[PDB]
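Visitor: Got a structure here, written out as structure tokens. Questions coming.
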Amino acid sequence: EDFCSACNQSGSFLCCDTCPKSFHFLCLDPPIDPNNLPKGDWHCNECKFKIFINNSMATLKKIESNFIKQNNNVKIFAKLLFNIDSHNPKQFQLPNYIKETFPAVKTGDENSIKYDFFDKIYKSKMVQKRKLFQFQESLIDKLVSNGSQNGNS
Amino acid sequence: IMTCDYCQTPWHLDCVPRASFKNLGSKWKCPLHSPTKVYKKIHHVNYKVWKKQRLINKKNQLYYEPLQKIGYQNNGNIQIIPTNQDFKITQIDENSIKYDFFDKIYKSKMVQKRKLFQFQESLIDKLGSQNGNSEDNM
Amino acid sequence: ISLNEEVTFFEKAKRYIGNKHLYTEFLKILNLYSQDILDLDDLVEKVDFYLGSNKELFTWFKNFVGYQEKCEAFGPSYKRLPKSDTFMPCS
Amino acid sequence: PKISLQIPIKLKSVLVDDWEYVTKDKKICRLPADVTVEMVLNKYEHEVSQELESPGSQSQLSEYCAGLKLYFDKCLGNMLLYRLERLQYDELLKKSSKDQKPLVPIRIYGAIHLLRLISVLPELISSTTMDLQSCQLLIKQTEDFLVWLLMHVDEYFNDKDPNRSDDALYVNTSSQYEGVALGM
Amino acid sequence: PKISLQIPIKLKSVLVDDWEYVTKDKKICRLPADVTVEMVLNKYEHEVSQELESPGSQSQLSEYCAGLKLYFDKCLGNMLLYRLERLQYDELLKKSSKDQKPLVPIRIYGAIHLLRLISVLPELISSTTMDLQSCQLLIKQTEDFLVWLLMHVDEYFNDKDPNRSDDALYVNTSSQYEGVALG
């Protein structure tokens, strides 16, 4: 092609052999200065993903299912981290929905688990306490101009 | 002593009060085995019924491990991970059940404390001079 | 501290229940309560069959969930008939 | 269907106006920024922690918060940057290489880049295979996150003491630099 | 040859439960049900008529609803009743003659009995001699009905204990009704 998918415009190209699509050097996930070029292939991230898994679904599901189980620390951001390596880099594009609202447009270990369980319980306790306490000081403040207890226990 | 038909955990005929061996009618479900049918009173129909999903053939069954650790609505169907098919058995980590059970408990305790504290504050709301004698109390 | 037990209640429960196959059912029962399928009183009654002997532990569990002590008791033998069939006459 | 995420109306202006500056004024943020992604996001893990009483609610907070620190790292070099920004990003890698210390996007960049990630977020879940229930939560902290942002949107998104150029998040750059940013 | 009908699992799990209540629990469904085979098809024919635009398919839909009613009347007597329910069917015939009105099964029996007819439709199709293009015509059309039935499974098939609700679709059987029906 003539345009760079990640510059969204016509650029001097480093070309992956397998995929006809080619990209401008600037938008390189790892910067790849023209002066220093990789040897011949320059496989794009999307192409590098296929050859890595060898275009196999079972491993893909497996290497995924391994990736989620590995990142038990942050599970909710598992599929998102897994996908981001495969996709080729792309320029930041202000999404349409945020644009569409505006009328005008200008440019177009084992102990760790117990510790991880313990601190959340411990952090929960004061929150439980301070909310219960603040209701109590609302009770003393319900008595006007002075606390009913007149002091702090 | 008799043994469960599913568990194979021996029980005295005294401990589970039990009159006899029950070797004719149906397999004896030992106590200590999860419920397969639950009648819940809504406390406001008077009741709601929950029945465990029947076990599907092996191939048609789909086991799923959700991305959300805490608070996934299992609907009562579970396979315990060591650490149109809408009939999917959610796979839950054991550490998740600890968080879920504790999450439910702590929320209820906050609500129970709120209602009790609100009601005591409510009688103050219905109240020239308070005359509650709280200053005397210490 | 009071937190020390709670962060270890499942460890203390795991040791007593012994074999895993019984511990799994203990987790499934604990699940049904957290899914609002199983009432609190029914949960404590089922846990009794697990942790009945460890009085110091079961008492703590009863304290934790907030269980307070002190129709649907149909019985297994008898089943209800529909309203229509009860009309067969007696002179 | 398509994932519905609601940006606060002022925050929508913040991003849309900000995109105007980079394309037209060609300004670039001073990096490392005045307000790093970390202390903005680490602080969120702190205040909201003292508000949630449940054990799980404390876990989900640190869960989503720590993940965003991880997600921003991989997703910076891929998507969040502009054409002009990408030229400025390239230097950093050499600068990190010259020190040999690994480049850590989260500590260096500002919070506005984090806001850029959230805008692109609902499209990203669409490509993923998460069921609805998991997607709900990913969104539910996200919406509740931006509800925080409005409280301090004036501090660091909005120009506080705007007279000084340093307070302004993005600073104007030379035209010959922009020529390299074009690449042709 | 052999005809395959994809019944959604939830509907395939209902039937099995129906097979359990009538043969093991020995309870039968209250025959004059609230959602009978007639209004079930009346609603489905009415909900889908507006949905589809092409008049050609509306003819295909309406006859499959009109046909399924006529077939159900002939079919219920022969092969849609478990043994324990035969007597209850008989008392309806015996009541019909005294009431001097002929029994029409679509007016009486519930949606579950319609599902029984759908379950044995492939076996009934294979027995006869039909055009192949009509075999996929019925099965595709039925598979479209079962999908619609899945979306409304909640308010046709509700699991209520007969001892308790008394509005449950199934009612227990007296020791005298069971004796004659089985004996």
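Reconstructed Cβ throughout: ideal geometry from the backbone, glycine too, with neighbour counts over all protein chains shown. Every read-out reported here was derived from the displayed coordinates using simple, explicitly stated rules and does not represent laboratory data.
Visitor: Is it the case that some residue within the range B:96-108 is part of a loop (DSSP other than H, G, I, E, B), at negative phi and surrounded by 16 or more Cβ atoms within 10 Å (Cβ to Cβ)?
Guide: no
Visitor: Would you call residue A:76 surrounded by 18 or more Cβ atoms within 10 Å (Cβ to Cβ), among the β-branched types (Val, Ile, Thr) and under 25 Å from the mean Cα position of the chain (by Cα)?
Guide: For residue A:76, the condition - surrounded by 18 or more Cβ atoms within 10 Å (Cβ to Cβ), among the β-branched types (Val, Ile, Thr) and under 25 Å from the mean Cα position of the chain (by Cα) - is met.
Visitor: Report yes if some residue within the range C:26-44 is of a type in the set (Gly, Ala, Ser) and more than 30 Å from residue A:124 (Cβ to Cβ); otherwise report no.
Guide: No, every residue in the range C:26-44 fails to be of a type in the set (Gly, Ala, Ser) and more than 30 Å from residue A:124 (Cβ to Cβ).
Visitor: Identify all residues within the range C:5-32 that are more than 19 Å from residue B:81 (Cα to Cα) and in a helix (DSSP H, G or I); write none if there are none.
Guide: Listed by number, the residues that qualify are C:5, C:6, C:9, C:12, C:16.
Visitor: Limited to the range E:5-22, what total is found for residues that are more than 14 Å from every other protein chain (Cβ to nearest Cβ) and in a loop (DSSP other than H, G, I, E, B)?
Guide: 0
Visitor: Can you pull out every residue in the range D:45-65 that is among the hydroxyl-bearing types (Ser, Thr, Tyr), assigned to a helix (DSSP H, G or I) and buried (at least 21 other Cβ atoms within 10 Å of the Cβ)?
Guide: Listed by number, the residues that qualify are D:57, D:59, D:64.
Visitor: Under 12 Å from the mean Cα position of the chain (by Cα), hydroxyl-bearing (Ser, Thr, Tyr) and more than 14 Å from chain E (Cβ to nearest Cβ): is that true of residue C:33 in this structure? Before you say what the answer is, go through the steps one by one.
Guide: Working: under 12 Å from the mean Cα position of the chain (by Cα): yes; hydroxyl-bearing (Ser, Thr, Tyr): yes; more than 14 Å from chain E (Cβ to nearest Cβ): yes.
In short, yes.
Visitor: Could you list, in sequence order, the residues of the range D:23-40 that are more than 13 Å from residue D:168 (Cβ to Cβ) and in a helix (DSSP H, G or I)?
Guide: Keep residues of the range D:23-40 that are more than 13 Å from residue D:168 (Cβ to Cβ), which gives D:23-24, D:26, D:31-32, D:36-40.
Hits for the range D:23-40 are D:23, D:24, D:37, D:38, D:39, D:40.
Visitor: List pairs: first in the range D:104-131 and within 11 Å of chain A (Cβ to nearest Cβ), second basic (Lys, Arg) and in a helix (DSSP H, G or I), Cβ under 7 Å, 6+ apart or cross-chain?
Guide: Cβ pairs passing all conditions: D:128/A:79; D:129/A:79; D:130/A:79.
For (1) β-branched (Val, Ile, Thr); (2) within 14 Å of residue E:33 (Cβ to Cβ); (3) in contact with a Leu (Cβ under 7 Å, 6 or more places away or on another chain); (4) surrounded by fewer than 18 Cβ atoms within 10 Å (Cβ to Cβ), each residue gets a yes or a no:
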position: E:109; (1), (2), (3), (4): no, yes, yes, no
position: E:113; (1), (2), (3), (4): no, yes, yes, no
position: E:116; (1), (2), (3), (4): no, yes, yes, no
position: E:129; (1), (2), (3), (4): yes, no, no, yes
position: E:133; (1), (2), (3), (4): no, no, no, yes
position: E:137; (1), (2), (3), (4): no, no, no, yes
position: E:164; (1), (2), (3), (4): no, no, no, yes
position: E:169; (1), (2), (3), (4): no, yes, no, no
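Visitor: Could you count how many residues in the range D:50-108 are under 22 Å from residue A:5 (Cβ atoms) and among the small types (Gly, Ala, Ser)?
Guide: So in the range D:50-108, the residues under 22 Å from residue A:5 (Cβ atoms) come out as D:74-90, D:93.
From what's left, among the small types (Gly, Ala, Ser): D:77.
Residues meeting the conditions: 1.
Visitor: Hey, among the residues in the range B:32-81 that are exposed (fewer than 14 other Cβ atoms within 10 Å of the Cβ) and among the aromatic types (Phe, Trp, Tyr), which one's nearest to the other protein chains (Cβ to nearest Cβ)?
Guide: This residue is B:64.
Visitor: Something else now. Suppose we filter C:1, C:37 for residues that are closer than 25 Å to residue B:29 by Cβ and among the β-branched types (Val, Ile, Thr); which single one remains?
Guide: C:37
Visitor: Step by step: first the residues of the range D:69-91, then only those that are within 23 Å of residue D:125 (Cβ to Cβ), within 7 Å of chain A (Cβ to nearest Cβ) and among the aliphatic types (A, V, I, L, M), then the one that is surrounded by the fewest Cβ atoms within 10 Å (Cβ to Cβ). Which residue is that?
Guide: D:70
Visitor: Can you tell me which residue in the range A:112-146 is farthest from the other protein chains (Cβ to nearest Cβ), limited to those that are in a loop (DSSP other than H, G, I, E, B) and loosely packed, with under 15 Cβ neighbours inside 10 Å?
Guide: Taking the candidates together, the pick is A:145.
Visitor: Next question, about the same structure. If you check every pair at least six apart or on different chains, which have Cβ atoms under 9 Å apart with a residue in the range A:97-110 that is more than 30 Å from residue A:69 (Cβ to Cβ) first and a residue that is of a type in the set (S, T, N, Q) and assigned to a helix (DSSP H, G or I) second?
Guide: The qualifying pairs are A:97/D:119; A:98/D:119; A:102/D:13; A:106/D:23; A:107/D:23.
Visitor: Scan the range D:6-30 for residues that are buried (at least 17 other Cβ atoms within 10 Å of the Cβ), over 23 Å from residue D:108 (Cα atoms) and more than 16 Å from the chain's Cα centre (by Cα) and jot them down.
Guide: none
Visitor: Let me ask you something else. Considering only the range D:31-44, I want to know if a residue exists there that is surrounded by 14 or more Cβ atoms within 10 Å (Cβ to Cβ), of a type outside the set (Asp, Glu) and within 7 Å of chain A (Cβ to nearest Cβ).
Guide: There is no residue in the range D:31-44 that is surrounded by 14 or more Cβ atoms within 10 Å (Cβ to Cβ), of a type outside the set (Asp, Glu) and within 7 Å of chain A (Cβ to nearest Cβ).
Visitor: Can you tell me which residue in the range C:64-91 is farthest from the other protein chains (Cβ to nearest Cβ), limited to those that are surrounded by 10 or more Cβ atoms within 10 Å (Cβ to Cβ) and farther than 19 Å from residue E:160 by Cα?
Guide: Restricting to residues being surrounded by 10 or more Cβ atoms within 10 Å (Cβ to Cβ) and farther than 19 Å from residue E:160 by Cα, the top hit is C:67.
Visitor: Moving on to the next point. Could you list, in sequence order, all residues of the range E:83-139 that are not in a helix (DSSP H, G or I) and not aliphatic (A, V, I, L, M)?
Guide: Hits for the range E:83-139 are E:100, E:101, E:102, E:109, E:110, E:128, E:129, E:131.
Visitor: Looking at C:26, C:61 in this structure, which one is of a type in the set (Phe, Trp, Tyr) and either within 14 Å of chain E (Cβ to nearest Cβ) or farther than 25 Å from residue B:49 by Cα (or both)?
Guide: Details: C:26 fails: either within 14 Å of chain E (Cβ to nearest Cβ) or farther than 25 Å from residue B:49 by Cα (or both).
Result of the check over C:26, C:61: C:61.
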